[PDB]
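[1] Using only what follows, build the 3D model:
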Amino acid sequence: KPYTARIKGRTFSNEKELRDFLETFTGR
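    Numbers count the residues shown, from 1 in each chain. Below is the structure:
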């Protein structure tokens, strides 16, 4: 069950990577 933030269905091997992907989520 790989991660899957509600951002692009890109799925992420780790939440640590989601952080960087989250930066390009709300224009952080």
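[2] From the chain's centroid, how far away is stretch 3-13?
    Chain-centre distance of stretch 3-13: 5 Å, with C-alpha atoms, centre = their mean, to the nearest Å.
[3] in it, what's buried?
    Within stretch 3-13, the residues scored as buried using 16 or more other C-beta atoms under 10 Å are 5, 12. In this view, the C-beta of every residue, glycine as well, is placed from N, C-alpha and C.
[4] what residue lies at the spatial centre of this structure?
    Nearest to the geometric centre of the chain sits residue 18, at 3.2 Å (C-alpha atoms, centre = their mean).
[5] wait, doesn't that one sit right on residue 4?
    No - applying C-beta atoms under 8 Å as the test, residue 18 and residue 4 come out as separate, 9.4 Å apart.
[6] list residues touching both of the two?
    Shared contacts of residue 18 and residue 4 (C-beta atoms under 8 Å, 6 or more residues apart in numbering): residue 12.
[7] ok, now which ones touch residue 21?
    5, 7, 10, 12.
[8] just residue 4 next, same as before
    10-12.
[9] Same list, those, but as JSON lines with secondary structure and distance to residue 22 please.
    Shown next, in JSON lines, are these (DSSP: H, G, I helix; E, B strand; the rest coil; distance: C-beta to C-beta, whole Å):
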{"residue": "10", "secondary structure": "coil", "distance to residue 22": "12"}
{"residue": "11", "secondary structure": "coil", "distance to residue 22": "14"}
{"residue": "12", "secondary structure": "strand", "distance to residue 22": "10"}
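[10] which residues touch residue 25?
    Shown in contact with residue 25 (C-beta under 8 Å, 6+ apart): 5, 7.
[11] Angles on the backbone of it, please.
    In terms of degrees, to the nearest 10, the main-chain angles of residue 25 are phi -120, psi -50.
[12] returning to what we had before: closest to residue 24 among the contacts of residue 4?
    Residue 24 has its nearest neighbour among these in residue 10, at 10.9 Å by C-beta to C-beta.
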